[PDB]
Amino acid sequence: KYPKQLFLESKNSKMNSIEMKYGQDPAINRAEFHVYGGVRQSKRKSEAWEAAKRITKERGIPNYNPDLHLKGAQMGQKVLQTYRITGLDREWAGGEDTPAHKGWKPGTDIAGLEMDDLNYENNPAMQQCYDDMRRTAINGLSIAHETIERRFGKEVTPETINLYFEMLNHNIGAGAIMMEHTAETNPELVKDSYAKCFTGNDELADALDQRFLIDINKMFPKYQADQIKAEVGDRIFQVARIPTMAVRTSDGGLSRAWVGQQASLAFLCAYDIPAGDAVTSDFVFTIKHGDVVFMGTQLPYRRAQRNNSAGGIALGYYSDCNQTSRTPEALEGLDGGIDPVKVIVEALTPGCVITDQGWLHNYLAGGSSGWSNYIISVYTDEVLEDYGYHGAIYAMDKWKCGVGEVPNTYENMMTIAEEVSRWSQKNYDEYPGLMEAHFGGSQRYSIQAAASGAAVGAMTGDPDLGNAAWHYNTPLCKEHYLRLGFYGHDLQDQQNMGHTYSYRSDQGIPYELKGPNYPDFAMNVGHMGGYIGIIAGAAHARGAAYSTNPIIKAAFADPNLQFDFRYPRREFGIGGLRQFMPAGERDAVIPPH
Amino acid sequence: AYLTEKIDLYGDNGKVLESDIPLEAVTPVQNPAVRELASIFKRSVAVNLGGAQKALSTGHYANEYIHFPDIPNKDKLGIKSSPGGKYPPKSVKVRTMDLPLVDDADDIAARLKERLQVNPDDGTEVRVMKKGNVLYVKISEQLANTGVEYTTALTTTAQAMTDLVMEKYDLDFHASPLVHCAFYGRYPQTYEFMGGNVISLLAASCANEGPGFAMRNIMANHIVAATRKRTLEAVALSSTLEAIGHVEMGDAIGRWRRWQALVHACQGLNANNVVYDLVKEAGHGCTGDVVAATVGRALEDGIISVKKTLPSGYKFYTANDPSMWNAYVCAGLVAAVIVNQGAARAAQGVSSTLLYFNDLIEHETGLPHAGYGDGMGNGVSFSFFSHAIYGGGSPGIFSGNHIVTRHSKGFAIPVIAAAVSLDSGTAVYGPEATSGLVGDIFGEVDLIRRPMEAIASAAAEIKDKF
Amino acid sequence: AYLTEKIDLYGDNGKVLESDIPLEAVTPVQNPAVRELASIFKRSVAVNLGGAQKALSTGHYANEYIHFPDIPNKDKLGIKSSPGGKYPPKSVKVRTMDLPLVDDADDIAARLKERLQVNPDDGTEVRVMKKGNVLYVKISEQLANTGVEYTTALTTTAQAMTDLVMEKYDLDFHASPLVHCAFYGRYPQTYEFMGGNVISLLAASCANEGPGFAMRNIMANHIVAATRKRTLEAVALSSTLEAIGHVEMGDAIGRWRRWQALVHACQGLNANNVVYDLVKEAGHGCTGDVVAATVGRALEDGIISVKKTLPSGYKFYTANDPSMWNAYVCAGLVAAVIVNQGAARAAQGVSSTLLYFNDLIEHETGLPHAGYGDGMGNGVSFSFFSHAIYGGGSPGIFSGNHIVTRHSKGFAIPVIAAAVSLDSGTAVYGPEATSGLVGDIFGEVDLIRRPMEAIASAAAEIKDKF
Amino acid sequence: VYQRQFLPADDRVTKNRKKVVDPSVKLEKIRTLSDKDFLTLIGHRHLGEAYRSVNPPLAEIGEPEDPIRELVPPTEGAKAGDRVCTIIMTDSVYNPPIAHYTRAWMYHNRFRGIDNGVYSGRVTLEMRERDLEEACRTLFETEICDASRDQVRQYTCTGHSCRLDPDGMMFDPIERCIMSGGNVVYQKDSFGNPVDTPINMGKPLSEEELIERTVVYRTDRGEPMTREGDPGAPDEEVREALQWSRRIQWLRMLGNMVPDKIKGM
Ligand SMILES: C[C@@H](OP(=O)(O)O)[C@H](NC(=O)CCCCCCS)C(=O)O
Ligand SMILES: C[C@@H](OP(=O)(O)O)[C@H](NC(=O)CCCCCCS)C(=O)O
Ligand SMILES: C[C@H](O)CO[C@@H](C)CO[C@@H](C)CO
Ligand SMILES: O=S(=O)(O)CCS
Ligand SMILES: [Cl-]
Ligand SMILES: [Cl-]
Ligand SMILES: [Cl-]
Ligand SMILES: [Cl-]
Ligand SMILES: [Cl-]
Ligand SMILES: [K+]
Ligand SMILES: [Mn+2]
């Protein structure tokens, strides 16, 4: 009772993602090797070799040289495959121009990308996704307004708030207000930096200058707006984004400090407070410490970080910054019903790329590869997509219910995991071209685990139980193939078969609040983004507007963001096409180049 | 060698508590009350049962406005959760639960005490407070001194609470992470038990500025809350915590030990009634009247003398006892804050008094101020970072571990404690805002709330040893 | 309640040390020798007088190839230092000095002791070692317990050394920073006394992975050096440090306390001779022979029984005592490393044995391995990070606080200690390279070098209390 | 001494696993390699070359008095102080007679004094040099080495999951193996270096012969670990490997919740 696999036939464009890699039926266990010209089969690597020759001549030191590959064998003795972004043919919304690119035509595929196009090092959409997270500072303003009204003695009104925000938008990136003879920043360098606010009080929202407003009523469907507004209440939260260029000179911990300076100044200047009045220190303290929401928490000494590093971001904060939950595709994509699978598979895309390439690679390890093929596998060619939907189809038929409604018993988790594992293995076993595409055991193992957890999370609404299904895939995978992933893959899988429902000191913690500093997760690729997706989808499936923090969810519902948090697979593909214009470049102040 | 010189210890009413006390007997390395103070900070925590219960019930776990949502009205949302609407939406409840922790506080307290106790006679204490909303916990010395760390009360209490709740209510596997979160907050994703419900007076053990700083990482607001704004008790608590901290930093050693001990005795314990006498003489005046009183008292007691008269008639003074001169400046510094910030009943000028009492002293005498530069230096840094855009905050959020105020060797935070004690409610981030639970719970401990007489009585018990 | 079940404690020669010991009596919360081990780690430091003397003399201060250069031959450099060469170049000496610290070690030790001692007969000790090149220092409990931190021996010793050297040689003002650097290294620019000459067995107090981890931040190489490679004593030291650490982490509580205590007793203290018996039975074979011996011993002792026979004849076993089964797997795990890495006399395969002993156990029995996932998980992580480009290192640099190896609840690091003890010199980052001074100096402390008999004797002294 | 059962063996695939890992079962020799060819293939030392050392002979290093160490006799390589050397093999996903976790289990049951890593694409074995040579006779010459599906390769190891070449041979980027006159022959050593004469491994097995001896489950041939009617079905209706997998998951979950919860289960 199962449909044709999505990796052989995309739902609308009917592309065969696996066949396209080879021009041969992927069911056939036969291939010729050593006949591709090595790297000459790759446009990017061939172009890179030519560029490298020019670079060597200019700088006097050799660089990229494919002929160094070991023992006379250039890379490319097998097909160096291209990739198709999963699911783009099933989108119908999100066609607006963004700060990074003109409007995408929803439904348009991105196929034929090379591996190097989806390397974090080469892909500005991926870098900008992280930069947008870490340059964000979020604060309640209630205490600052209280200090002004009682200590200083001046009334706060919508008019004074509007002036405050106009001044903060002048000074957050570019300008000065109070002082003579003060240096300023070139506006071209900081055009991505701005500040807005949101509130659950609709009368206040309507009284504010809409240019400074994240409009919850406009951004979210009514049931989600209702839930978010109920949590925000009659309060005002500020969302400020410091310059991308600035975090690229330093760290995300700059954000709360920077906004502390500039918001304090905007208060002084909008309310005419004397320079050096004692109230000033309440503003910076409020912004840095007193009423503050961070994307990430600090990390301990071995991996020391201030706030707003990727390693400090809780899984559920990665879940909730993603905005797929408010898209038409997520709200009506299952024949008019909500589609938590779409939420899962989108949210896991920045989840995986940022935690594994942005953080584990570009902070904790590194090098020229970005570990890119490992992670490309989770958002391309409809493979994980097919397996995840398979579990949902199976479960909806078996339990005769909708998403989020299968009883969240351990037995039901194990049944769904057994079927999704089975289906994953059936396809890798029956399609030699797919087994060769996902040539690393880690890709295949993470994919069956992720699909299982996606199905359980979407079908039960329970994020811990969905992630329990991930770890149960360990024996199901190992006892079938007699191989798993790379040498160090199954640290967390083995131990979380036990830790998921432990309460020992550093073992127990809800999945929403786990993150890259949970010790089991602190080292290895191929996992955290899956959990992130599962958390997001579990909440979506049970009728919630967010999983972990309504302030985070609202704070990223903002069309002025450089990265489109609603459609991350698409965005990464656009970066793969070299069509994503990031923020933070220094063109305004450097020579013609 | 022992610090045998005798001092008298006076209470905050200006009357003697104990006479003829060798300086040695108030030092942290000797005095049993000072040492018990450190021990109680190490061994005491509070369990917020009301907070844990609310987090589990509503899904508002941890901090930062976190909310794990359970949706009880899924069929009223205007959504279809089945393709084509085949099946109507059914709500689930998967992140929250109602446990009667506060109602059951007495039985919970008994179970907690049994899990923490090592042996029946070991002194473990668990007290039910706030109608069952809070437990005060003091672990035994036996447990606390097992290893090398000061965090054992925190860690054992969090695990014991988690285990005993899981057991008492016979909770299912789903509850393990959620009950853990109710007590531990975001641990171990955070090093801190961030947003949890087990609270220590001490900061997380990742947070020191250097080795030995733990007893310094205690906000002035905590000290003022715990002493309920009784000025010289706040001074004594702060000064004693600083004194313990400076032993642990290694600075109460060798040719610096007497200097460091005298800061504590003279500024923190009203030795020889100097602080009280200076406030009494100058209290109807200004900072400068305290300057006059301090120099006069130093002259009267033989601590300083005229060294040279310049042709204009200006006189350089010499310190006949440099460490005692420093300590007299430290005593005058707290008196000056009491007079100046006391007159205004407003704490903010404490930073200005710290700077200009010391500056005026040097211009008046030709002798170096407290800490040979640190008193003025911290007057500068603390003033700046309590009146500018860059960082800092109001006076009460500073501590001996705060980067702005750490430098002075033990004589700066006590004047902040004095000023905040005298404040009439001019702050937003006052003790009520940052330290209310700390003051309500830990302020019930007599030694924390009223250290002066305890330290003096303990010194009298050991005085004949030196 | 007390852990009253009786065990026998055997030495590493397979002969009984003490019989009829209640499990309670070996736990860190009760056993005086275990508690004294923590206390000695907290209170002992070494002063490298030879290193301090050399740094001052040559200008090679601190670490990282730092060198503050003094140039004694300025007129031979081919430079002019005056316009037009009007005045010939003259050398100066401004960053270095020659002090006879090693030759004066005995007097220095006396001056140091006097600065550290709080009261006569308080237990402060300073011992001259290595013909004057090193002092062993143990501060008194009186000093160490003044505040809340474990760093007081480190901080007081560094300051006392600096003060006493400045005084003894009556050095000028220029010397203050340099003598400070000779002892403290880069402190306070670094939190550590980085590149200094005062050494603790414990890491800097900024470096924990979480609260309670200090006794876990001790490399296997340090443990092996201190026990001079006597395999089961290294195992006992590591296991006991882990046991203390797990108390301080809060994990030796409530329904987990017995499980945690049995890991220590069975894996770390050769309880009931299990470890020795397994090695004796299987030592001429392979890892799998230890698997057979472990399952056989669990059956013999009634810990497990056949639960179900599947149609193929394969038998699932059930744990009649789950915590004891876990502890027997932990004992088998250390025996397996001893047999496998012992046969090779090469430590590197320890990570593979950790993984596959546990994997074989599960396939053999249908019961969960050590730590319900952690034994295999750390087998995976430790194997990866000792054979890959990404991080890590050779076995001896790991510890209970290392991110790669922290997860297992107390039963992983002791097997590293066993493997490194058995290694014939196959490493370049062996105990001699990372831990030579530690082994030479702290290995002289009998309790550190030879904990098994001390723990057993102390348990026998208190056995009648439970 | 207790008699091991090793793992559940309810079918041909799992009985093949049990045979590989059970040290009492002799692995049949299926090819002969000259000493020169054998050492050339390994690539660490050639015939007649002295063993290199990493440390002095064990009797010269001053081992401490240590009663436990006494119980464990050193291997010959340990006595000599040989360097610890690595050999790497890769088993195709397509019906190999041994696969990667079975290598680890076999090594730990059959060979003394080992280090060993399992990866999806290769398996390392690291032993004192002379000890490694003895182990490699089993790895290269017995029924656990089909020349086309179990190959020796020290790096650039991709191929386990690649499609088979037109002759049924697993891919090797470096081309250390080639099919020549129906025989598999190493034309380069395990390091990809030149060899004076190719090393003949003889004929590969046919696909039906590989399937009879394989340790892997494969869905395409009709033998998945999990059959279509197995998810959620009672234990008695599923393969013993799945019964075992379910048990391990239940007991890890419950035992790590509270250990006593698994008493008698
Ligand atoms: C004071 C302190 O800030 P907080 O009071 O902790 O918010 C500290 N900042 C600084 O020191 C800001 C220094 C730069 C601004 C002043 C330039 S004169 C910091 O970030 O830790
Ligand atoms: C292990 C540890 O490194 P060290 O052993 O301390 O050098 C740690 N790195 C990592 O965890 C690297 C993680 C990314 C590489 C592995 C990806 S699977 C760190 O930087 O603290
Ligand atoms: C390991 C054992 O087979 C697990 O049994 C479960 C399938 C059922 O047990 C639960 C429902 C009660 O402990
Ligand atoms: O070969 S290892 O598994 O160690 C590293 C894979 S990227
Ligand atoms: Cl904390
Ligand atoms: Cl003095
Ligand atoms: Cl240090
Ligand atoms: Cl138990
Ligand atoms: Cl030979
Ligand atoms: K707007
Ligand atoms: Mn440009």
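Conventions we followed
- Residues numbered from 1 in each chain as written, not as in the entry; some residues may be left out.
- Chains lettered and ligands numbered in written order.
- Part of a larger assembly, values for the part shown.
- Heavy atoms only, no water.
- Residues with missing side-chain atoms left out of burial classes, pairs and counts.
- Helix = DSSP H or I, 4+ residues; strand = E, 2+ residues; numbered from the N terminus.
- Buried < 20%, exposed > 50% of the residue type's maximum accessible area, 1.4 Å probe, protein only.
- Areas by Shrake-Rupley, 256 points an atom, 1.4 Å probe, with all protein chains shown as cover.
- Pairing = 2+ DSSP bridges.
- Axes fitted to C-alpha atoms, helices over the stretch in contact; angles between N-to-C directions.
- Contact = heavy atoms within 4.5 Å.
- Donors = N, O, S within 2.8 Å, 3.2 Å for Na, K, Ca; no water.
- Polar contact = N/O pair within 3.5 Å; in protein donor to acceptor, adjacent residues only side chain to side chain.
- Near = heavy atom within 4 Å.
- Nonpolar A, V, L, I, M, F, W, Y, C, P; charged D, E, K, R; others polar.
- Patch = residues over 30% accessible without salt bridge, like charges linked within 9 Å, V, L, I, M, F, W, Y side chains within 5 Å.
- Salt bridge = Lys/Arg side-chain N within 4 Å of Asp/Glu carboxyl O.
- Buried area = accessible area lost by both parts, 1.4 Å probe.

For this entry, the PDB record names X-ray crystallography as the structure determination method and reports a resolution of 0.992 Å.

**Q** Explain the overall build of chain B here, please?
**A** A count of helical and extended segments in chain B gives 18 helices and eight strands. The principal-axis extents of the C-alpha atoms in chain B amount to approximately 105 × 50 × 35 Å. Residues counted as buried form 65% of the 466 residues belonging to chain B. Just so you have it, chain B exposes about 15500 Å², and 50% of that area is on carbon and sulfur atoms.

**Q** Help me out: how do you make sense of the sheet that holds strand 6 (residues 198-200) of chain C in this one?
**A** Pairing between the strands of a sheet is mediated by backbone hydrogen bonds and can be parallel or antiparallel. All names here are of chain C. The strand order across the open sheet built from four strands is 4-5-3-6, with neighbouring strands paired in antiparallel fashion. Of all strands in the sheet, those with a lone pairing partner are strand 4 (125-129) and strand 6, marking the two edges. Sheet twist, expressed as the average angle between the axes of neighbouring strands with direction ignored, equals 25°. Sheet topology note: the strand 4/strand 5 (residues 134-138) ladder contains five bridges and is antiparallel. Within strand 5, the residue paired with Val 128 across the bridge is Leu 135. Running over the sheet, helix 16 (residues 431-442) touches strand 3 (44-48), strand 4, strand 5 and strand 6 and is turned about 115° from strand 3.

**Q** Just to check I follow, could you spell out the coordination of the potassium ion (ligand 10) for this structure?
**A** Under perfect tetrahedral coordination by four donors, a metal shows angles of 109.5 degrees; under perfect octahedral coordination by six donors, it shows angles of 90 or 180 degrees. Residue and element names in this part refer to chain A. At this site the potassium ion (ligand 10) is bound by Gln 210 (O) and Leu 213 (O), with donor distances of 2.6 to 2.8 Å. Overall, the relative accessible area of 38% leaves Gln 210 in the partly exposed class. Using a relative accessible area of 9% as the deciding quantity, one classes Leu 213 as buried.

**Q** So what exactly am I meant to see when it comes to the side chain of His 222 of chain B here?
**A** All names here are of chain B. For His 222, the position within the fold is in helix 7 (residues 220-226). Polar contacts involving the side chain of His 222 include one to the side chain of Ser 435, which spans 2.8 Å. Once you skip the residues sitting within four places of it in the chain, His 222 turns out to touch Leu 201, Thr 434, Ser 435 and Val 438.

**Q** What exactly am I supposed to notice about the pairing of strand 1 (residues 6-10) of chain B here?
**A** A regular strand places its side chains so that they alternate between the two faces of the sheet. Residue and element names in this part refer to chain B. Sheet topology places strand 1 next to strand 2 (residues 16-22); four bridges connect them, and they run antiparallel. Looking across to strand 2, one finds that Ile 7 is bridged to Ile 21. Between strand 1 and strand 2, which pair antiparallel and follow one another directly, the connecting turn spans five residues, one of which, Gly 14, has a positive phi of 80°.

**Q** Can you help me understand the site of ligand 3 in this one?
**A** All names here are of chain D. Taken together, the residues surrounding ligand 3 are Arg 247, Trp 250, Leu 251 and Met 265. Contact with the protein chains covers 45% of the free accessible surface of ligand 3, which is 390 Å². Of the residues contributing to the shell around ligand 3, the split by class is three nonpolar, no polar and one charged.

**Q** Sorry if this is basic, but what is going on with a nonpolar patch on the surface here?
**A** Residues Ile 177, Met 178 and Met 179 of chain A make up a contiguous nonpolar surface patch of roughly 290 Å² in combined accessible area. Judged by relative accessible area, which is 33%, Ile 177 of chain A ranks as partly exposed.

**Q** Even after reading the chapter, I still don't get the site of ligand 2, so can you show me in this structure?
**A** Residues in contact with ligand 2 amount to 16 residues; listed here are only the nearest, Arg 302, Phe 486 and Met 523 of chain A together with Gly 392 and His 402 of chain C. Contacts to ligand 2 include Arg 302 of chain A, whose side-chain N or O atom sits 2.7 Å from an oxygen atom. At 2.8 Å, a backbone N or O of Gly 392 of chain C approaches an oxygen atom of ligand 2. The fraction of the free accessible surface of ligand 2 (550 Å²) that becomes covered by protein chains is 85%. Class assignment of the residues belonging to the shell around ligand 2 gives a composition of eleven nonpolar, four polar and one charged.

**Q** Looking at this model, I keep getting lost on the interface of chain A and chain D. Mind explaining?
**A** Accessible area lost upon the coming together of the parts is a frequently used measure of interface size. Listed as interface residues are 59 residues of chain A and, on the opposing side, 59 residues of chain D. A per-residue breakdown of the area chain A buries against chain D is headed by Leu 482, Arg 483 and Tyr 487 of chain A, which together make up 16% of the total. Where chain A touches chain D, the interface holds three salt bridges. Residue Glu 436 of chain A is joined to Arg 163 of chain D by a salt bridge in which the shortest nitrogen-to-oxygen separation is 2.8 Å. Breaking the side of chain A that touches chain D down by element, the ones donating at least two residues are helix 17 (410-430), helix 18 (432-437), helix 19 (441-460), helix 20 (463-481) and helix 21 (491-499) of chain A. For the side of chain A that touches chain D, the leading source of residues is helix 17 of chain A, giving ten residues. For the side of chain A that touches chain D, a count of residues per class yields 23 nonpolar, 19 polar and 17 charged.

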